[PDB]
Every structure is written in C-alpha cells, then in structure tokens.
Amino acid sequence: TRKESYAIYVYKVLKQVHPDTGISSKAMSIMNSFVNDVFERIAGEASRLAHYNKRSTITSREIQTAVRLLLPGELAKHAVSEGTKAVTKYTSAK
Amino acid sequence: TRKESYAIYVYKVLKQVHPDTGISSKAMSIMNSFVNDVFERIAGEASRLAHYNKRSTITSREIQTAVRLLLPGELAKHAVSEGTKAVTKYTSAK
Amino acid sequence: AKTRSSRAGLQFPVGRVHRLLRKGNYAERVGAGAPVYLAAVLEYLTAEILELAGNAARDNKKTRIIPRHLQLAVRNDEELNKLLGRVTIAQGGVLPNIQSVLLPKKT
Amino acid sequence: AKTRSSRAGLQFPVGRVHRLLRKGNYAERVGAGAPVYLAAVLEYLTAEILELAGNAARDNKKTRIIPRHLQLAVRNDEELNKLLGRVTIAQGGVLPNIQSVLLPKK
Amino acid sequence: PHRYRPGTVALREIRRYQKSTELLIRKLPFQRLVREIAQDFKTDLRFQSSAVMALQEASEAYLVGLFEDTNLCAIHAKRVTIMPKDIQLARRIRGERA
Amino acid sequence: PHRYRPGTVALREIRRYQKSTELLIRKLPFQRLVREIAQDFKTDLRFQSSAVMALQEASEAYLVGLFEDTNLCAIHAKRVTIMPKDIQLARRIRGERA
Amino acid sequence: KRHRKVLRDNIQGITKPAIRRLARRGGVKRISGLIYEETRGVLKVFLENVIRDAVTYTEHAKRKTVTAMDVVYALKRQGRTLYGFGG
Amino acid sequence: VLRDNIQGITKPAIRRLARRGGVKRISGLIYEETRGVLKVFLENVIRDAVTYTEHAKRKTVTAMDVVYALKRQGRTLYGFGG
Amino acid sequence: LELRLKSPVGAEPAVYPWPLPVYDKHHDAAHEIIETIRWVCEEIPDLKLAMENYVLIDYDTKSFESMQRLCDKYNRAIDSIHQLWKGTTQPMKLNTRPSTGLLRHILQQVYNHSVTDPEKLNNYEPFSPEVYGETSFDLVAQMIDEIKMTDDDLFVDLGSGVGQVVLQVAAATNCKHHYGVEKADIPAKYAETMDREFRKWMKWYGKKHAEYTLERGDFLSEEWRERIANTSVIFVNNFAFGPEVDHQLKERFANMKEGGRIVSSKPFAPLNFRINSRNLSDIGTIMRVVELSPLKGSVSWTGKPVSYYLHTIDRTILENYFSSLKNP
Amino acid sequence: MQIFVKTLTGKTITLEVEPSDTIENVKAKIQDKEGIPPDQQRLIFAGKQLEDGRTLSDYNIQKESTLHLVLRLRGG
DNA sequence: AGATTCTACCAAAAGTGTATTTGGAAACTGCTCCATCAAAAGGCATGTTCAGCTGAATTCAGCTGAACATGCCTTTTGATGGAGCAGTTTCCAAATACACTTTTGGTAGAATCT
DNA sequence: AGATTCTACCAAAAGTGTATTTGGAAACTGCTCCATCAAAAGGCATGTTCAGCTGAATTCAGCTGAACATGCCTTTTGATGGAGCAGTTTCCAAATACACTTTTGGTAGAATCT
Ligand SMILES: C[S@@+](CC[C@H](N)C(=O)[O-])C[C@H]1O[C@@H](n2cnc3c(N)ncnc32)[C@H](O)[C@@H]1O
C-alpha cells in the first residue's frame, strides 16, 4: 500500500539550493519528519485559530497567523512573504 | 448568545460528595476550565489515536486509550472503570 | 423519554459531550458510546477534585470551596498534581514549604 | 491542465497539502489559498535547512548531507534551533562545546 | 529597643505569603507595564480588565515558581542568598534560555 | 611508562565524543533492557528493529542533554565533578521531579 | 480624541518590595541587591512573549480589544495553561 | 556470571554519554543514579508506546508507536517515520 | 532688551527675542547663547581673551540680567574683531567645514528654534510611512565616516522627517544635490523652517554648506522611480514602516544602476545571502549587505542598539554565478 | 547573423542566431549556456525593450550588434 | 554499502467541468464595558541608619576518582524458520441524514438569604 | 458582597422516529522482517597508584535585613461618553459534491554508479 512522503519534493528543493549536493536516506527521513512536523504544528494552530473565532474555514489567513505564532522572528517574516507570494502568483493564472 | 458551562453538573457532583459544601464563582470558573481542559486533552489524544490507525470514528475504545495515555496511574484505573461501566449500562438501556 | 445521561447513570451531559465532540473536529465520525465514556470520565475526575477540595475547605474551617482549596487539593495529591503539572489555578497561591537549611538554630 | 504547484510557482505539492489538510480534521472546510500558502511555507523552511545543512556538509568536505549536518545547521542557527527546540535529530550528535572552567590552566 | 535577628522576619514573611493567595505586585503599576509593552507591539489597543488580571495571575505564578527554582540553585551552591546566576541557571535548565 | 595527568584524557574523550554521532550504549544490552521493561506492561511482545533504535536514539539524546544540565549544576557549586545531587537538581528544575 | 500620556519606564513599577514578596512566596529568605533588576528583565521577556501572542490572536479576530481569552489562548500556546478566566 | 539487565548499561557506556555531554569528572555514585533515571525514562516512553501497540491490536511495537509515544512526552524524534 | 549675537564674519546676525522663548525644561534661549559664544572663542583666540573681561563668570540661563552683560561684551568683542581684520590681519575663510562638536550645536539650535512643541512629531500610527523613528546625531556621523560622499553622487532621503540627516551631510560633504522628501504634514512643515534656520546659521559661523532642498512631497511617489535610478546614495528610514511599505521600496531600488548604496534600518536580503536569483520579494540578490556599526545614540524600547545596514550594489556577483555554469 | 549579449560584468556571450529568430528563442539560447531564467532576463536594445514573441528584424538587430541583458527580479 | 538511473505497472490522486450549497463579509445597530476624570486617604514605597552574619577568600589534608596495564566474556555479525503485520473480500451492526416533538440549560430582573 | 433562591420566556438542545449509507470487525493469507542460534569480533571488568579535587576550618569586609520616618500614589467609590464588541439579515464569491479524463508518485526488479 502506497507510502507517501515529501522525499521527491525535498530533493527538488535541494537541487535548487545546492545543485551538486546529495542527501543520505537517513537525512532525507529526517527532512520528511521535519516537514510533517511543521505541517502538523501549523495546521493545528490554524485549526485552533478558526475554532476560537467560530469559523468553519481554514483559509490562507489562518495559515499566516499560525506561522507568525509558531516561527521565530525572521523565519516568520520570510515564510509569510513566501506564502503571500505563492498565493498571489497562484491567484493570477488562468 | 447563550454561553454554556459545566457549572450545574459540577454542582450536582459537589452535592453528592460534600452535601453541605458550596463553591465560590471563581472556584466554579476554575472547575469549568478543568473540565474543558481535560475534555480537549482526552478528545485530542483520541483524535490522533484514530488518525494514527486510519479510523474515521472516535468510539469509546479511543476515549479509553486516550484516558490511559493521559491520566496518571490510579486515576486512569478508576476513570476506565467508570467509563466502561457507564457504557455497559448505557447499552443495556434500550 | 429519558436523557442519554440517565440511561448511562451519569450526572454529566452525554448529549452535550456528543455535540462538543462533533463540533470540535476530532474525527469524521463519533460513536454513540464515546460521549458516554467521556462524560463518565469527566464526571469522575470532577468528583475526585471536589472530594479533596471540600476536605481542604473543611480543614480550613470553611464551608465554601475557593480557588485556594482547589489548589491545596491538587498540589497535595500526587496524581492530580501531575495531571495539572502545567496548569496554573488563579488565586491558588502555593503550598507552605520552607527548605530545611533556611530554618534557624540546629538539631 | 497545469498543477496547482506550477501555478503557484512551487516545488512542494499543493494538491497533496490540500488533501492532507482536509483529512487531518483541522476544520470542516479548507479554502483554496490555504494549501498554497502552507506548501510555500513548507518549501521555504525546507530550503532554509538544506541551505545551511549543505553548507555544513561543504565545511566538512562532504557533498552528501547526512543527519550530523542537519543537526549542525539547526543548532548553530538561533531561529531553527528554537523552532526545533524540543526535537531530536537522530544520529545528530551535539555541538562541540566544553565549559571553560574545565580546560587546563595553560 | 527590641530587634529580631536578620532572617527571623524573612522567615516570618515566607510563612505569611505562602499562606495567602493575593497578588503581590501593585495592580495599576502592573497594568501600565502591560499597556506599555503591548503598545510597543501594536498601537491603539484596548484591554478587557480580566485580560490584564489574567496576565497578572500568570506572571506572578511564573515568578514565584522561578524563585523556588532559583532558591534551589542558591542552596545547591551552599548559599541561602539568591543571586542573578541562580535565576540564570534555573532559566537555562528550564529551556527558557538553554 | 608514560602517563597522562588526570583530566587530560577525559578532555580528549569529550572532544572525541562531541565530534561523533554513534550510539554509546551497546545495542543488545539496551534491547534486553527495553524488552524487560515492556514485558511488565504487556507480555509476549515483539519489537520492530527500528522501534528499539528509535528508543535508543531518544534515550541517549535525553541522557546526554541531562548530563549537560548536570554539568552546569556541578559547576554552579564550584565543582567540576558531577554528583547525584547535580542530576537531581537538574531533573527537579526540568520538572521531571517537580 | 485629544492626547494620551506617553508610557515609559513602567518596568520600575515592579518594585523592590513587590519582588521581595514574590520571592518570599517562592520560599526565598535572602536576596542579593542585583536580583531586582534581573527579575524585572525576566518579567519583561515573559510579558513580551505572552502579550505578543495574545495581540496576535486579537488582530486575527480583527478586534482592537485584547480579551481575557486572547491571553488564555496565548498562555496555553506557551505551555502556561491558566484556569479561572474562561480558559 | 549472571547480570541484571539494567547493569548492562555499563559504567563505560555511561561515561561516554557523559563525555558527549561535556562532563570531565564523575562521582562513583553517578552510574547507579543514571541507571535509575534511564529506567524511569524508558518506563514512561515504553508504557505509552505499548498503549498504542495494544490499541492497534498488535503484538509488535513499531517505530511509529515509539515516535508517537516520544512526541506526546514532548520528546519529538525525527528520522523514524511520522 | 533683546539678546543679539553678532556674526563673526559680519553676515546675518543671530537674534533671540524678548521675553526669552522656553521650549521645554531642557531648552531655553540662554543655553543656546552660551554654546554659541563658547564655540566662537574656540574658533578665534583673540575674542576668548576679551570675554574674560566684563563677565564675572556668574552668568545663568534663567535670568535676563546675567545674559545681558555676556551679550554686551560679546558684541563689543565682534566690533574689535572686524577692525582687527580691516587692517593687516587676515580674517578667517568661509570655505571651512565645521567640526563635530560645533556642527552638533548648530543642528540642535536649528531644531529648537523651529520645533517649539516636539510632541506633535511623535504623532504616528505604526506600519505607515509616517513613523518618526529615532534618528541621532551619532547615526548620521556613522554614515559620514563609513561611506564618503562625492560629487559623482546624489543624496536623497526618502522619509526624511525634519531632514536632519541631509543637512548634517551638506555641512560636512558635498554632492551634486542633496534632497529630503517626507510625506507627513507635521514634519514637513517643521523641515521647511529647519532649512531656513540652518542656512542663516551656517553663514553666521562662515562655513560652506552644500546644496539642499527640504521638500513637502510623498517619498513613495511614482515620480521618484526615475530619480532613484540616477541617485546613488539613498538613506531610507524604516524603523517600523512595515513590510508592505518595505516591499514597494524593493521594487523601486531595482531601477538603481551599479555603485549605488542604500542605508536602511533592515537587510533586504541576508549579509550571508547565497547568490542565485531565487527571491520573489527581496531585491538583495544584486547587492552585498553588511552591517554599519551599531549605535548608542538610538536606543529602542528593548534596551539594545538599533542596528543599520549598508547595502552596496554590485550586480557583478549574480552575473558571475551564471558565468560559472557556462565553464569549463 | 551574429549577436553579442552583454552582461554588466563585461562578459559578452556570442550567440549564432538568424534574424527570423524570436526574442523567446534567443533567451532560450542564453539559458542553455549560462542557466539564465527568461522572465528575469530583460533584453534591451537601442532604448527599446525587446518583448517576447518578436522577430529580430523588427528591432534592427543585425550582424555584430550588441544587445544589453539587464536583470531584474521579478518573480511573482 | 548505499545512492542513482532506468523500464514497466497502475491504483491513487489530482485536475477539469457542472450544479448546488453555504459560510461569513458589509451593512446597520443594540448595548456592554472600556478609558478616563474626580476626590479622598491610608496602605505601602522610598530612603536611611546600623551592624549581624553571610559570601568569598585562603589554606590544607584525606581520599576519591582518573589513568592504565592485564586478561576473557558478552556483544556483534551473518544465516534461517515462522510469528503476524498487512492486503483482500465479505457483511452488518451502527453511524449519517432528516423531520418532528419535547425538554432544558441559559438568563434577564427582582428578592431574600447566608 | 457574593451566592443560592424563584418567576417566566425559550431558542437551542436533546431526544424519538424511518430511511439510507458504510466503516471496519472478522476471517483467510501472502510476504515481511523479527526472534534465535552460531561464530567471527571488538570492549569491559578489575586492581594499583597517586594527582588533584572536594570540602572542612578559619577569617573578615561589607552586603543586606531590620527598623524607622515620611508622604506619595495606589486603591476605592462613582459617574459618563462612546469605542467597539457582538446580534441580525441579506446574499454572493467561494467551497462542497459528484462525475469523468488525465498525470503522477510510489513500488518492484535489474543493473550500473559513486
Ligand atoms: C523614522 S521617520 C524619519 C526620521 C529621519 N529620516 C531620520 O532619519 O531621523 C520615517 C519617515 O518616513 C516617512 N514616510 C513614510 N512613508 C513615506 C512615503 N511613502 N513618502 C514619504 N515619506 C514617507 C514618514 O512620514 C516618517 O516621517
């Protein structure tokens, strides 16, 4: 039964940042754990945010506030800009 | 908008254990926080448990395991008996 | 008719707890016995804390439980203290406890 | 048809992130931009750690990132260290660090 | 003129405060500190009075518990006087600065 | 007969172990310990190999970080030798004892 | 709305006697003179952290008033769950 | 010669852990203290792991049971799934 | 009577009105007086020798009587200097630059004489192009020592405030023009006046000033996009101007061609940024970022210096990254 | 038909194009050899912005002409 | 030994198209409660004096731990039957979905208790 | 002053009653990968010697606690304007809900590469 992971996407990012750098299996498994962990923290925080405000919907806005609550200073600022940029780009496309 | 609280149920139980003892509003507020807190903790542990096992249903069995994970020794034992008893009785009444 | 609480022999509201479980987005489905079991546990834990807090109140010659009594009950009980190890009870104060070396004299 | 990831200009899978959000029981509904924003955040954080990890592999004269490098990158970075303050990176070891008072009196 | 020896009244104060539960920081001064800090984060905020009391109950519980740990650190060093290094060790072990 | 002074080799080992990442407890003995503890919770259990390894990676990282805090406590008391009371102080402040 | 006095140096409102009292509740018998400033600095960090998150919840809800619940949620997020204020 | 299992966590293994932890000199009493601490750590984590094992109706403790146990104990571990 | 301090190179005297103008309890007219004379005695020895006579050295800031003797002798000394310089003695040259200690006094007087109510400057809502951040004498000095302003530069201060950064720079250095534009109604009105008090006083001490205009205008105006492209020294305050404000500025900076410098309260991209064009927000891909030396003249509410960053445009780096991939 | 494409590091890369070639094909030729993204690439000649989908004949790009490649950033 | 490249297979996803459903924004507004000014006064904060006794320094000797040489037993490594972890198929107890009908926890306002 | 004592109103609950849907227990089973054994393999246990660390004993400068005089500013009691939180109705932009076509990530096996 299929076992999904972020491995292939982590690898694509690695190549963008360090074209001639590889990553071992154990390291990749660590990165997969990292992505799943941050996904759960951000999602849980967004979930609580919507419930606190009695909203049925988790939108980009709850994801944004979740990011500002969870990530340290500079990391939050860049994550927010990266997220905003992607939703802009995405929204502007037939 | 009506705001619910476990106050009347806390009071009923208070009367069962200590018939002539009352409770101040601030202590009742603390008891209401306690009940909500444990409800969320147990419910969250149950949710994760069900997800970990790819189950879309939270049954009394997930609540029981959540209770065992969350509560210290003797409290878990007694909580387990009381919940089991309540379900066996519930299911016998219909 | 009869409440699900009466059928289960509980004081806590099974109906309410079932509803709260559904609204909380814990799972796609919530079985009928879940809220019964949960209400029972919540009721049991509240009976336990009120039993001890009413005793602390009696110990302090009071008839009304206040936050300090809830705190004395929780902090003097090993298991409740652990369950509430990261919880602050407002207006609870702390347990009297002076480290030995700080006392005067000797022997 | 163009993948939502490509439309967003992302490497991470928007479609999968949307799916994971829906089935994670986080909310009854999930708006369209949420999985895009979240995927972008996950991609960015991933790039940040791989960027510093790769640098650590380099300093160590290695071309392949192993757990040690992820640990060195995270623990030497103030922000990543706090984000992962309660996380243990398997096979990571610790940062070289000896309390000064323990050094010999040269 | 009568004089209790140094430490006697200190011990008396410990027993008195460990017996009570009222907040120990003056209320208005604490409210101004909260407003000053909040204002530097975001201008024009208002506060429910219970929001300020909640911050005060939490801040005092936090400080009392930190002084307990600090005290243990001083005693560990064979002292009975708490010092900045005891608070720092306590916060470092707690992971507040680690 | 050459002889390094007390401490010289200790320092050498600190440098060596802080550079590496391999586990420091031997596997089989750790596995036996794990199985024995688990048998008290449920008899006749099996363990995936990765389950024991995860427990060892977590257990070792826990002890190593605890030793770091223990060391700060011994140093706080002006010693360079860790003692049981240092581990106890660290655990109490971490809230593992508290 | 006309004027609104400038808030400054209110950390000094956390006085030496108040800090002494808090240390007494914490079982402390003797206190170095440097403790007061150290404690103010620690309290400021604690408050900045909780207030930052509380206000973040306030802004997200598009309110201008920080509620007891914004503080309770902020405290909970930080692992300092507080009972007694709706939380 | 027999051997109590917890004694299998030897003085040398404990010293190595201590070295990685930056420790230069060790009291003889540290070894037993450490064993006691490690046992409590394993009891707490294994108890929860086994609770997940049993809930899943399994007879085999999986890495995931351990990962979930560590996570709820505030000891999140990366590298073994999840 | 009034109090006049007669120009030491006979050009546009300083006049202080009667009754004395008190701004706050840290600035009165008299204290400015004492500092002006102090500096002129230090510029010209012969006047110092003379100020000793007829002044008992018992003068004070809060009584007129005490000031009226100090001015009268001083004015009597200035008449002696012009007769001295009218003969065979050579006077001072008006092509001299003011020292740091003197220049500090001149900017301080010009503020006080314009701004007669500082509270109004403190009026701001944050995350807006109107935050009047704390700018210091010292911060502008780090700027003047560290990068050197030449006639092959142009200075523009976007969000100028009163405009004390531009004016300080003009007394000390010279460029083709120096500009200051700030959007806020309140600081602009003050800035116009500041320019006037500043020009009257530079000529009063006989010191060359550079060309400047402090303007009422919007610094984010689309008019500036082409002007910025031709401007190779940008100072831009961004104390808490907000990300939104910052972004729009990052788009406009792109229009600068190489050798430009941008001093801002923040990195636009890391000091230790990796080259490879990846950013979809940052323009700090064509420019190296390094920290200008920390302050003690600005102190935030946190109680730690406010740091400032120097960015130097060198697109040579991005282009080289690409070049490496074509080799071997 | 020969062209030089100048970066401001004073590097000229020669491309062998024909005048029938679009701007979009040219930028693809620059990407092949230096790994440069088209959107970030702004080819300017004679104070005209060479816009994608335009033959080279249109901009009077002939043999041994120097086109200026200025970058920009973009994204979004 | 473990990471990389490549061919082949395909249920699982994910994207597009169609129609219905609905959360929650703007719009208007009732009404709580927050900020603020007032006045009074005493609970406490401030600042000082004085000296008790604590922290910090110095000295020193017992003895515990570190370093190390000497020798074997527990651990590590590699090979092999099955205990069950999983993938598949079957099937109903039990969980949505939906329309009423009835019961009950809040709560607004006034009154007397404890 | 705060709490438990009643009256009346009731929308939001909670419960009772058919129809329809389906999650996952249960049974059978194939394929892992776990437990266990044999032997090739790499520390650990143990006693000796003494360096240097811990902690006891001693001393004293001066910090910090205790007590006190003085009076500031927090606390308390009240009132009031109105910012803004929160209730109510309207109504579309965006989400859920299938149904269908396409692409894609994961898995398995083979073999070369680093
Ligand atoms: C921190 S103050 C500057 C103080 C002065 N520049 C200094 O360095 O001391 C920032 C100024 O930026 C101005 N500002 C913000 N956005 C602006 C815009 N778009 N155009 C012009 N000025 C703007 C504000 O009005 C504010 O006075």
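We number chain G the way Swiss-Prot does; in order, the residues shown are 17-103.
Backbone N, Cα and C atoms are what each Cβ position is placed from, and that goes for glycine too.
Annotated in Swiss-Prot:
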- G:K17: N6-lactoyllysine (MOD_RES)
- G:17-21: DNA-binding region (DNA_BIND)
- G:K21: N6,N6-dimethyllysine (MOD_RES)
- G:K32: UFM1 cross-link (CROSSLNK)
- G:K45: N6-butyryllysine (MOD_RES)
- G:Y52: phosphotyrosine (MOD_RES)
- G:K60: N6-acetyllysine (MOD_RES)
- G:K80: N6-acetyllysine (MOD_RES)
- G:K92: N6-glutaryllysine (MOD_RES)
- G:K92: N6-butyryllysine (MOD_RES)
- G:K92: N6-succinyllysine (MOD_RES)
- G:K92: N6-(2-hydroxyisobutyryl)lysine (MOD_RES)
- G:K92: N6-acetyllysine (MOD_RES)
- G:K92: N6-lactoyllysine (MOD_RES)
- G:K92: ubiquitin cross-link (CROSSLNK)
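When the C-alpha distances from G:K21 (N6,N6-dimethyllysine) to the recorded positions G:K32, G:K45, G:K80 are tabulated, the minimum falls on G:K80.
Only G:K32, of the recorded positions G:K17, G:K32, G:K45, G:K80, G:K92, have a C-alpha within 10 angstroms of the C-alpha of G:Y52 (phosphotyrosine). In this structure, the C-alpha atom of G:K80 (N6-acetyllysine) lies 16 angstrom from that of G:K17 (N6-lactoyllysine). Geometry remark: G:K60 (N6-acetyllysine) versus G:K45 (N6-butyryllysine), CA distance 24 Å.
Of the candidate recorded positions, G:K17, G:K32, G:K45, the one lying closest to G:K92 (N6-glutaryllysine) when CA atoms are compared is G:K32. Summary for the recorded positions G:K32, G:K60: the Cβ-based neighbour count within 10 Å is maximal at G:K60. Once Cβ contacts within 10 Å are tallied over all protein chains shown, the modified residues G:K80, G:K92 are led by G:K92. Contact with chain C, taken as any Cβ pair under 8 Å, is found for the modified residues G:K45 out of G:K45, G:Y52, G:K80. Residue environment of G:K17 (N6-lactoyllysine) contains 4 other Cβ atoms, counted within 10 Å of its Cβ in all protein chains. With DSSP classes pooled into helix, strand and coil, the tally for the DNA-binding region (G:17-21) is 0 helix, 0 strand, 5 coil. Under the DSSP three-state reduction, G:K92 (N6-glutaryllysine) is assigned to helix. For the modified residues G:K21, G:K45, counting C-beta atoms within 10 A of each C-beta gives the highest total at G:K45. Geometry remark: G:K45 (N6-butyryllysine) versus the residue listed as 'UFM1 cross-link', CA distance 14 Å.
When Cβ atoms from all protein chains are considered, those within 10 Å of G:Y52 (phosphotyrosine) total 19, not counting its own.
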